[PDB]
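**Student:**
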Amino acid sequence: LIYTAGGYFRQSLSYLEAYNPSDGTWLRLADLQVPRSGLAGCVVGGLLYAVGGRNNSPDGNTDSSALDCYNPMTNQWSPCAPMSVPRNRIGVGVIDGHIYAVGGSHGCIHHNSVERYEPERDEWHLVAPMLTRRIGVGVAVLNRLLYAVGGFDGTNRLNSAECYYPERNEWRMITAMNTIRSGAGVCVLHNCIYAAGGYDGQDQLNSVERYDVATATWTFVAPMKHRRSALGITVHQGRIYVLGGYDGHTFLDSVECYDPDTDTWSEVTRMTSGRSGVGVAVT
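In terms of the UniProt record's numbering, the sequence shown opens at residue 327 and continues consecutively.
(1) How close, in whole Å, do the beta carbons of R362 and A344 come, if the pair is a contact with beta carbons under 8 Å?
(2) Assign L373 to one of three DSSP states: helix, strand, or coil.
(3) Whose C-beta lies closer than 7 Å to the C-beta of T595 among residues of the same chain, with five residues either side of it excluded?
(4) Which residue or residues does DSSP assign as beta-bridge partners of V428?
(5) With a floor of 3 residues, list each beta strand (DSSP E) that falls wholly inside the UniProt repeat "Kelch 5" (518 to 564), ordered by position along the chain.
(6) What span of residues does the beta strand (DSSP E) with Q402 cover, start to end?
(7) Contact between the stretch 526 to 539 and the stretch 571 to 586: three or more CB pairs below 8 Å?
(8) Considering only their Cβ atoms, is the gap separating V475 from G464 smaller than 7 Å?
(9) Would you report the Cα separation of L557 and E446, rounded to the nearest angstrom?
(10) Below 7 Å between beta carbons: does that hold for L373 and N401?
(11) Check whether the stretch 505 to 523 and the stretch 541 to 558 touch, using three or more Cβ-Cβ pairs below 8 Å as the test.
(12) Is DSSP giving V467 helix, strand or coil here?
(13) So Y334 is in the beta strand (DSSP E); what residue range does that whole segment cover?
(14) Can you tell me whether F546 is buried or exposed? The criterion is at least 16 other CB atoms within 10 Å of its CB, across all chains shown.
In structure tokens:
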């Protein structure tokens, strides 16, 4: 199933819903303990993790350091140890069963810091920080290397990308994208990193480009139907799914699906309500 947690629609949402690309159904599951937007989702050992974000409520607005784990066999959330700092508009990636939390913001603070979570010890450990402060950063893992793509540094939005080598514990700049993107959806499909949509400071984007490590090159591909920033993204059975987002006017419920063999995007479902800044993952 394609799980989507949290998101925003005038207040941090608590929804956890799972989409069945065969059935076409959405499944309402246990609510997040705290409503959150700008979080990231990932899966380790079949458990779904919701990482960082922010609680925008009529009673307050606090960025979240929280890590929470959802078990689909019990339909229960359980808290984990929290990150060292709150991280709104975070990016995350999974290397070797460890969760990497990248960038994000805490109030005025725009993080370049990065930290790693080890589920078998419920511990977070600070690691080599990025060369760039990045909020709304897209994160993808390719051949056990961690890529941080785009984002916003507090002043400029970015087309730069950089790559983290965990065993050297260091970050190295790579070839920049063709397009400046903050709040894009970044994923790995087959053997390439995809960066879809985002915001460049003027327009929400529908363009999609993909990085080939062998040629260290970004190439423009078929665009999505709907421009969107702060979208959710994931890979299910060799296809890319993008969920929701914001197009400068509305919070989208559209779900688009990229087929790499045809280089086409189709619309396959609508979420139960439009929302941006969700955490998406598959288990």
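Don't be surprised by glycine CBs; every beta carbon is placed ideally from N, CA and C.
**Tutor:** In terms of the structure at hand:
(1) Actually they are not in contact, since the Cβ atoms of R362 and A344 sit about 17 Å apart, beyond 8 Å.
(2) strand
(3) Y345, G350 and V581
(4) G417 and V440
(5) 518 to 522, 534 to 538, 543 to 547 and 558 to 562
(6) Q402 to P405
(7) yes
(8) yes
(9) 30 Å
(10) no
(11) yes
(12) strand
(13) No beta strand (DSSP E) contains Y334, which DSSP labels as neither H nor E.
(14) exposed
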